[PDB]
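**Student:** Encoded as structure tokens, here's the structure I'll be asking about.
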Amino acid sequence: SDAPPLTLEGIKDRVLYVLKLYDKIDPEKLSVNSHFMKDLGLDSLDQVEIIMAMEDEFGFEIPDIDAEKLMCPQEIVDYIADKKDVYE
Amino acid sequence: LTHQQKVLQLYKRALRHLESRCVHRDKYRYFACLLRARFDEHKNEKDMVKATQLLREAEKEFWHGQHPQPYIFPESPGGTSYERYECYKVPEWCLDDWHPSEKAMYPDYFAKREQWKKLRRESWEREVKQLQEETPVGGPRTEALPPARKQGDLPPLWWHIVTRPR
Amino acid sequence: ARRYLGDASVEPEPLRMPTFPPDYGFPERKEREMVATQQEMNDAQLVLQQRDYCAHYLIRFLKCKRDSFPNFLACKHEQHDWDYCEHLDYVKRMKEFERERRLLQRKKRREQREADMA
Amino acid sequence: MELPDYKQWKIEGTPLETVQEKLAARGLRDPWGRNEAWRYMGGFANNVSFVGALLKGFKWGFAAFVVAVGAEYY
Amino acid sequence: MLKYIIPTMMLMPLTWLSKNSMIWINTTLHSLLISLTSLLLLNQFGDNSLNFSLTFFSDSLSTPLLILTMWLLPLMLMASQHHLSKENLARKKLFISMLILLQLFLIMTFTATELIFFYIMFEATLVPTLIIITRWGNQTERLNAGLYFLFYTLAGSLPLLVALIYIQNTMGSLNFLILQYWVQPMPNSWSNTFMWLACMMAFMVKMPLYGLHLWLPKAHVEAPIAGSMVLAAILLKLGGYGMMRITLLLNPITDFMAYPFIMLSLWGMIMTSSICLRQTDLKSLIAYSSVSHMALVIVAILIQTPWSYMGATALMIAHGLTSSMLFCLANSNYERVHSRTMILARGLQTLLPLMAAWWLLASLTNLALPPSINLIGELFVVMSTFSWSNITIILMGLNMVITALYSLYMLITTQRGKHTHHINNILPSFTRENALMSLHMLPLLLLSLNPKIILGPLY
Amino acid sequence: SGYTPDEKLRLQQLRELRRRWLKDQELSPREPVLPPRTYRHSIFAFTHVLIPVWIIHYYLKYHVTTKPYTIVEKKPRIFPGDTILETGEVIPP
Amino acid sequence: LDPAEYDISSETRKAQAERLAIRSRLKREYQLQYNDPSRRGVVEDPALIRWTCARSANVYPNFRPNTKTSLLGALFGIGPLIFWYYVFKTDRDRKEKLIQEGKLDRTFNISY
Amino acid sequence: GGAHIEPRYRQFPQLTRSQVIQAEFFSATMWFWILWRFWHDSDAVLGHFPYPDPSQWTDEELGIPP
């Protein structure tokens, strides 16, 4: 079975959750629209880290070429959304 | 190919092999932190040749850090999955012909499916026009597929609506 | 192995054992211990090299299995009985190891050197 | 549906503590990752040291072993 | 035997005069009705080979091969349709007529007592096949691979007539019965050299030995599926058959003369068995397979132990049904997507989930699976050849491993690993395909119960 | 190095298509499958095993007699306990 | 095998190799990429037909000028083959000897 | 379907009482058995392997060479 799917609410809560666990920036501004770099100015090497440990959160895929350009959180949710099987 | 993805790739798979190295995840942490500094002192110099040089030095020094069975998450090519289910993927052009009996076995599916057949049968002229218009001579430069401006479908859609993984 | 017997008995192999005694035959001091009838020894079929002296015990153990079938344990005692008899026997071949090793040392050394005096 | 809650790990007293303490001595002012501090805190983190696996059920087991001879001794 | 000769000859005008759309029905029907009496043909008993008439008779071997032929027509013809299923009536009646006439000359050949009647009917068998594959073969450039193919035959295949007539006027009768009992030893010298070599190489052109094996592949890729099941299920077994009989004489000669050919077949078994591993274009794989098993047959013929014959003939029949069927799989795959190239499409475990079972089953029957007749024959042959040379098992069993590898490689990459998804044509199965497959395997699996029918004259 | 905005729109509305297509793809209206238009049971499986006992055992009841050599068994182990026993044993303890 | 030297790509090789390479590629990607409705049969791509035709050995029937060719082929079917001729004839004749004289100790052999 | 499996993210996976009951029971089985028959067994099972002290047997001493 391996029953539970990842739904939109769930994945949202997850990317959102772990990005709130990232310490060096505050939960202050975190939103699917809230810009993943320009807002927080985080290192691009550090977004490589974000996609690293987030992949280790969901455990799959994420090729380097597509991982490069990801950015905003809603977008990450989208990539995981079409790659996994998500929508109703 | 640019310095960006070169450096960033070496960093990423360096973290990967480092993952595979240690255990209990904390030693992995502060080692990965020493590495974080090892690339953190970097990047503050816009000198051109010095950089690529030192990078290559990290290409050999990295190549030492490869043990032969680096950890591979399941879904990519690797010893766990990479389409375990592949005998289960049946393309939607099959079932275009079943027996009309079994075509009546599930009466309401082919309704909406027929709305798709008409969706994309009505289409492809809008598609061919938009594409034949946009493409520079030969369409050499672009592997991409730019959207449609008028209200409607994105033109080369058909295969991109796929049989899903299991 | 007490005698050569003969092949004119028409018997190669276990009807001809090395001889009816399985192992050695012990010319030595005195004879070899008792006996177990070869006919009985066949009619309870015993694998060669399972077939030695002490069979007095063994064949009784093979009794004890079919003695009480549903019992798994049955006789641990007779098990230990041929365990003991063949314990003592393997220890006997140990003693033959001893006898011959010391005969080597004694007659080798003594007769070599005291022969090499003159 | 799942109610993950949030916010309570703190990276304290749990071996990432000592990690960030050594790194602190190095002046790296924390890396990242209160998440693996999830991997520590919980009903976890007491864990077991090996030979404890071969001590798993000894108590009841050779308890009944202790009683076992009570059949032939009484 | 004449009771088997009339009904097909009557089966000719059945074709010619008929209403359109019923030709397949009439031909198939009455042809199977022939197959029944073909099964009647087994009275064979005791010692003396039954003799129907002073002109032509049957020993064992002729009987299994004949049963296989008369059984094979209805399945063949049954298979050939929908290769066309559009034409003027004259094309259809011409084609079925040609298959008929071909069968007639085959029955003539297997039943033939006297070797000259055997030879006349021999080339008279070759012509109809040629007309089949050349007149419409799907003709890739046509290769002209029917015609100078007939030259590959006749080039060295004519002088065996010379040698025969020599045997005729020296000993009188060429009746096989009386050629037996009158056979007299022939010493080793240069005249008996050119003779033995004449007859031998003359038949050895048919079952290709590794030297001449370039014969098959082109002729068999250009053949329409009917001409293929004709060709490799039968027309090699003619060469091996006549070989079986004319080796009656040549008694001491075949030793010193045999040895080089044996060597060449033991090495070429491995070579051919190799080259068939790496090729594309599936239709060739089964061809070179046929070359391999036939090399094994020649090996069996020259060494004269009876075991060698029992395994030999068993291999003739088992390889006949197996190779034939497997061809018909290649075709049933070809109508789906027009390729002939193996690697092009893939999958078909997902799609056509039943056609799997026939791929698998047939490939296994060519994998030498233990109860399968193919392994009975191949097994006894390996026994004989090991008796002849203690050493040769390295080569033999090495053929076991390779034949395993390609025979099981064909089972994959056509049938497994992915659907190429740019296809979107293949229409699921048919009832006819299942009928053909079934009519092949089901007897090949039943024969694996009571084989003593198909083992040779010596038994 | 973020993206091409064109690719943002393309990806987005492709997501729209996956949305609608998969909404379709989930099927449970009207349960679409509509194909047409204690002891004794265990003793019946005990028959399922028992009929093989009937046939096979019958096959052997006529079989064994019909053919000379089959079911050839190791001669039952015989002990000197039966017939005549010769020991003269005692000891060690 | 073993990506190494981390080529600097220069300038031409950058412009030429990039533009021309991915030029032809994307040309052909988009080419077979049409994937419209209304095609029932295979996509037929002229690729792999060249594979098949060439691997049907187009130069096989013409000739084989000497060079090293007759040496590689002749010596390729020479050493092991003819030596195996010699060994099967050898062990053959030995077998015949030990049959005709002495003993091969066949005793019961029978089916052979 | 749902067994009350309670798929959980980041907390200790819930556990069925009867399960640890079973596992613990079989721990008691393994060691109860093993030291049980360890009290019913021996790791030196018979008389000990011999010693050269009888390798004197000095009565055997050579006759002709005093």
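**Student:** Return the calculated 222 nm mean residue ellipticity for chain C, to the nearest 500 deg cm²/dmol, obtained by summing -39500 (n - 2.57) across DSSP H runs with n ≥ 4 and dividing by the residue count. Please report the intermediate quantities before stating the final value.
**Tutor:** Details: 3 runs with 59 residues, N = 118.
When only DSSP H runs of four or more count, the value is -17000 deg cm²/dmol.
**Student:** Against the globular-protein guess of 2.2 N^0.38 Å, express the Cα radius of gyration of chain G as a ratio, rounded to two decimals.
**Tutor:** 2.32
**Student:** For chain B, what is the mean residue ellipticity at 222 nm derived from helices alone (per DSSP H run of n ≥ 4: -39500 (n - 2.57); sum divided by total residues; nearest 500 deg cm²/dmol)? Write down the numbers at each step before the final one.
**Tutor:** Values: 6 runs with 75 residues, N = 166.
Value at 222 nm, helices only, nearest 500: -14000 deg cm²/dmol.
**Student:** Now a separate question. In the structure shown, do any of C:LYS63/F:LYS74; C:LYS76/D:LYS59; A:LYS12/F:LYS8; B:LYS118/F:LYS8; A:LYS29/F:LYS8; B:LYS43/G:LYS14 have a Cα-Cα gap over 29 Å, and if so which?
**Tutor:** Values: C:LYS63/F:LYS74 18 Å; C:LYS76/D:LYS59 31 Å; A:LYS12/F:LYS8 19 Å; B:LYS118/F:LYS8 27 Å; A:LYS29/F:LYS8 23 Å; B:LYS43/G:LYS14 24 Å.
From the list (C:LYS63/F:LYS74; C:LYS76/D:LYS59; A:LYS12/F:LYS8; B:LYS118/F:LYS8; A:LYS29/F:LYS8; B:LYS43/G:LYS14), the Cα-Cα distance tops 29 Å for C:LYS76/D:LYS59.
**Student:** Which trypsin sites (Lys or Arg not before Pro) from chain A combine a DSSP loop assignment with at most 11 other Cβ atoms within 10 Å?
**Tutor:** Working: sites: A:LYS12, A:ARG14, A:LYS20, A:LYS24, A:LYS29, A:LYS38, A:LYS69, A:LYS83, A:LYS84; in loops: A:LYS24, A:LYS29, A:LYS38, A:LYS69, A:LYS84.
The qualifying sites are A:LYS29, A:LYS38.
**Student:** Using 0.36 nm times the number of residues separating C:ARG109 and C:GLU13, minus their current alpha carbon distance, what extension gain do you get?
**Tutor:** Details: separation 96, 0.36 × 96 = 34.56 nm, distance 4.11 nm.
Working it through step by step, the gained length comes to 30.5 nm.
**Student:** May I pose another question? How tilted is helix G:12-32 with respect to the longest principal axis of chain G? Cα atoms for both, answer in degrees (0 to 90, nearest 10).
**Tutor:** Between the helix axis and the principal axis of chain G, the angle is about 80 degrees.
**Student:** Then there's this: Can you sort E:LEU352, C:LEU5 by how many other beta carbons sit within 10 Å, fewest first?
**Tutor:** Details: E:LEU352 21, C:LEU5 13.
By the 10 Å Cβ count, ascending, the order reads C:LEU5, E:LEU352.
**Student:** Can you sort A:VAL48, E:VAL337, E:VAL127 so the residue with the fewest Cβ neighbours within 10 Å comes first?
**Tutor:** Values: A:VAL48 20, E:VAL337 17, E:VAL127 14.
Lowest to highest Cβ neighbour count: E:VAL127, E:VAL337, A:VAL48.
**Student:** Within 10 Å of each Cβ in peptide H:20-33, how many partner chain Cβ atoms are there on average? Round it to a whole number, please.
**Tutor:** That average works out to 5.
**Student:** Let me ask another. Suppose we look only past 31 Å in the calculated P(r) of chain E. What percent of the Cα-Cα pairs does that tail hold?
**Tutor:** Of all Cα-Cα pairs in chain E, 39 percent lie more than 31 Å apart.
**Student:** Loop by DSSP (not H, G, I, E, B), at most 10 other beta-carbon atoms within 10 Å: where is the longest site-free stretch of chain C for chymotrypsin sites (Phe, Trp or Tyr not before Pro)? The partial results should precede the final answer.
**Tutor:** Details: sites that count: C:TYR4, C:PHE72.
The reported range is C:5-71.
**Student:** If you don't mind, there's one more thing I want to ask. Let me know the Kirkwood hydrodynamic radius for region H:20-65, please, with Cα pairs as the basis and the value in Å to one decimal.
**Tutor:** On the way: mean 1/r = 0.0648 Å⁻¹.
For region H:20-65, the Kirkwood estimate is 15.4 Å.
**Student:** In addition: HN-Hα J couplings of region E:173-184 from phi, Karplus 6.51/-1.76/1.60, θ = phi - 60°, integer Hz, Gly and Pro as x?
**Tutor:** Values per residue, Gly and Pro as x: 3, 9, 3, 5, 4, 7, 4, 6, 6, 9, 5, 10 Hz.
**Student:** Additional query: If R0 is 25 Å, what FRET efficiency do you get for B:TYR71 and A:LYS83 from their C-beta distance, rounded to 0.05?
**Tutor:** Numbers: r = 20 Å, r/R0 = 0.80.
The formula returns an efficiency of 0.80 here.
**Student:** Quick one: order E:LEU177, D:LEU55, E:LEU348 by neighbouring beta-carbon count within 10 Å, fewest to most.
**Tutor:** On the way: E:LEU177 16, D:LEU55 13, E:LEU348 19.
By the 10 Å Cβ count, ascending, the order reads D:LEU55, E:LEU177, E:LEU348.
**Student:** Follow-up. Compute the acute angle (0 to 90°) between the alpha-carbon long axis of helix C:77-116 and the principal axis of greatest extent of the alpha-carbon atoms of chain C; round to the nearest 10°.
**Tutor:** So the inclination is approximately 10 degrees.
**Student:** For the protein assembly as shown, take N as its residue count and report Rg(C-alpha) divided by 2.2 N^0.38 Å.
**Tutor:** Numbers: Rg = 42.5 Å, N = 1176, 2.2 N^0.38 = 32.3 Å.
Relative to the 2.2 N^0.38 Å estimate, the protein assembly as shown comes out at 1.32.
**Student:** Kindly write out, for region E:423-432 in residue order, the coupling ³J(HN,Hα) from the Karplus curve 6.51 cos²θ - 1.76 cosθ + 1.60 (θ = phi - 60°), rounded to whole Hz, with x marking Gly and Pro.
**Tutor:** Those phi angles translate into 6, 6, 10, 3, 9, x, 6, 4, 7, 5 Hz.
**Student:** What are the extents of the Cα atoms of region E:117-240 along their three principal axes, listed from largest to smallest and rounded to whole Å?
**Tutor:** So the three principal-axis extents are 50, 26, 20 Å.
**Student:** What average count of beta carbons from other chains do you get within 10 Å of the Cβ of residues in F:9-21? Present the calculation step by step, with values, prior to reporting the outcome.
**Tutor:** Values: counts 5, 9, 6, 4, 6, 8, 5, 2, 7, 9, 4, 6, 9.
Partner-chain Cβ atoms within 10 Å, mean over residues of F:9-21: 6.
**Student:** Find, among the GluC sites (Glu not before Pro) in region B:86-134, those assigned to loop by DSSP (not H, G, I, E, B) with at most 14 other beta-carbon atoms within 10 angstrom.
**Tutor:** Working: sites: B:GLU86, B:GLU92, B:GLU102, B:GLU114, B:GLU122, B:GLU125, B:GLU127, B:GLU133, B:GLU134; in loops: B:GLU92, B:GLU122.
In loop regions of region B:86-134 (DSSP not H, G, I, E or B), the sparsely surrounded GluC sites (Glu not before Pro) are B:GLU122.
**Student:** Could I ask something else about it? Charges at C-beta only: +1 for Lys and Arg, -1 for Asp and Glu. How large is the resulting dipole of chain D about its Cα centre, in Debye rounded to 20? Each step should come with its number before you reach the end.
**Tutor:** Working: 9 positive and 8 negative charges, 44 e Å.
With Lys and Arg at +1 and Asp and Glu at -1, about 220 debye.
**Student:** Just counting partner chain Cβ atoms within 10 Å, what average do the residues of peptide B:66-72 show around their Cβ? List each step's numbers first, then the result.
**Tutor:** Working: counts 0, 0, 0, 0, 0, 0, 0.
Across B:66-72, the average partner-chain Cβ count within 10 Å equals 0.
**Student:** Tell me the volume per residue, in Å³, of the convex hull enclosing the alpha carbons of chain C. Write out the running numbers ahead of the final one.
**Tutor:** On the way: hull volume 16.4 nm³, N = 118.
Taking the convex hull of the Cα positions in chain C, it is 139 Å³ per residue.
**Student:** Can you compute the helix-only [θ] at 222 nm over chain E? Use -39500 (n - 2.57) per DSSP H run of at least 4 residues, normalise by all residues, nearest 500 deg cm²/dmol.
**Tutor:** Value at 222 nm, helices only: -21500 deg cm²/dmol.
**Student:** Relative to the present Cα-Cα distance, how much length would full extension add between B:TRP159 and B:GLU114 at 0.36 nm per residue of separation?
**Tutor:** On the way: separation 45, 0.36 × 45 = 16.20 nm, distance 1.68 nm.
That pair, B:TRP159 and B:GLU114, stretches by 14.5 nm at full extension.
**Student:** Same structure again: Loop only by DSSP, 14 or fewer other Cβ within 10 Å of the Cβ. Give me the chymotrypsin sites (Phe, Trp or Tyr not before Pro) in chain H that pass, ordered by residue number. Write out the running numbers ahead of the final one.
**Tutor:** Working: sites: H:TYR9, H:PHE25, H:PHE26, H:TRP31, H:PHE32, H:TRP33, H:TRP36, H:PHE38, H:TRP39, H:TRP57; in loops: H:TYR9, H:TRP57.
Filter output for chain H: H:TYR9, H:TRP57.
**Student:** To continue, here is another question. What FRET efficiency, computed as 1/(1 + (r/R0)^6) with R0 = 30 Å and r the Cβ-Cβ distance, is obtained for G:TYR86 and E:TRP190, rounded to the nearest 0.05?
**Tutor:** On the way: r = 24 Å, r/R0 = 0.78.
Efficiency, from the Cβ-Cβ distance: 0.80.
**Student:** First select every other residue whose beta carbon is under 14 angstrom from the beta carbon of E:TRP359; then total the charges, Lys and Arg +1, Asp and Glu -1.
**Tutor:** Working: positive: E:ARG336, E:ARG346, E:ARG416; negative: E:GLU433.
In short, +2.
**Student:** Using the Cβ atoms and a cut-off under 15 Å, what net charge is assigned to the surroundings of E:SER332, where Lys and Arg are +1 and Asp and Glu are -1? Before the final figure, lay out each step's value.
**Tutor:** Values: positive: E:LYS283, E:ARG336, E:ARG340, E:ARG432; negative: E:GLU335, E:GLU433.
Computed value for this residue: +2.
**Student:** At 0.36 nm per residue, and after removing the present C-alpha to C-alpha distance, how many nm does the segment from G:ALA57 to G:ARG13 gain when stretched out fully? Before the final figure, lay out the partial values.
**Tutor:** Values: separation 44, 0.36 × 44 = 15.84 nm, distance 3.51 nm.
Roughly 12.3 nm would be gained on extension.
**Student:** Is the shape of chain B rounded, prolate or oblate, going by the alpha carbon gyration tensor and its root eigenvalues a ≥ b ≥ c, with a/c under 1.5 for rounded and a/b larger than b/c for prolate? Don't jump to the answer; show the numbers that get you there.
**Tutor:** On the way: a/c = 3.87, a/b = 1.76, b/c = 2.20.
Oblate shape, in that a/c is at least 1.5 and b/c is the bigger or equal ratio.
**Student:** Most mobile of B:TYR28, B:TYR71, B:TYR82 per a Gaussian network model of chain B (Cα springs, under 10 Å)?
**Tutor:** Result for chain B, Cα springs under 10 Å: B:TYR28 fluctuates most.
**Student:** Please compute the Cα-Cα pair-distance distribution of region B:1-70 with 10 Å bins starting at 0, giving whole percents from short to long.
**Tutor:** Calculated over all Cα pairs of region B:1-70, the distribution is 18, 52, 25, 5 percent.
**Student:** Once you place label points 7 Å from the Cα toward the Cβ at G:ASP2 and E:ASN251, how far apart are they in nm?
**Tutor:** Spacing of the two 7 Å Cα→Cβ label points: 6.9 nm.
**Student:** Measure off 7 Å from each Cα along the Cα-to-Cβ vector at F:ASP24 and C:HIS87, then give the distance between these two points in nanometres to one decimal.
**Tutor:** Using points 7 Å along Cα→Cβ, the separation is 8.5 nm.
**Student:** Something else: Can you tell me the 0 to 90 degree angle between the C-alpha axis of helix B:49-63 and the longest principal axis of chain B, rounded to 10?
**Tutor:** 80
**Student:** Also: For B:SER123, what is the net charge nearby, where nearby means another residue's Cβ is under 12 Å from its Cβ and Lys, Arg count +1, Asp, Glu -1? Could the numbers behind the result be given before it?
**Tutor:** Values: positive: B:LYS117, B:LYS118, B:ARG120, B:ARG121, B:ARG126, B:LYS129, B:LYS150; negative: B:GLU122, B:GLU125, B:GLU127, B:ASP153, G:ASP36.
Net local charge, B:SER123 excluded: +2.
**Student:** Taking N as the number of residues in region E:171-270, what is its alpha-carbon radius of gyration divided by 2.2 N^0.38 Å? Working shown, then result.
**Tutor:** On the way: Rg = 15.9 Å, N = 100, 2.2 N^0.38 = 12.7 Å.
After normalising by residue count via 2.2 N^0.38 Å, the value is 1.26.
**Student:** Let me ask another. Given R₀ = 41 Å, FRET efficiency for G:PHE76-E:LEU369 by Cβ-Cβ distance, to 0.05? Intermediate values should be presented prior to the final figure.
**Tutor:** Working: r = 34 Å, r/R0 = 0.84.
E(calc), rounded to 0.05, equals 0.75.
**Student:** Moving on. Only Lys, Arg, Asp and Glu count, each charged at its Cβ (+1, +1, -1, -1), so figure out the dipole size of chain A about its Cα centre, rounded to 20 debye.
**Tutor:** Values: 9 positive and 22 negative charges, 56 e Å.
Result for chain A is approximately 260 debye, rounded to the nearest 20.
**Student:** Given labels modelled 7 Å from the Cα in the Cβ direction, how far is it in nm from E:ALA90 to G:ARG64?
**Tutor:** My value for the distance between the label points is 4.7 nm.
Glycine gets a Cβ as well: all are built from the backbone with ideal geometry, and neighbour counts include every protein chain shown. Bear in mind these aren't lab numbers, they're just calculated from the coordinates by the rules spelled out.
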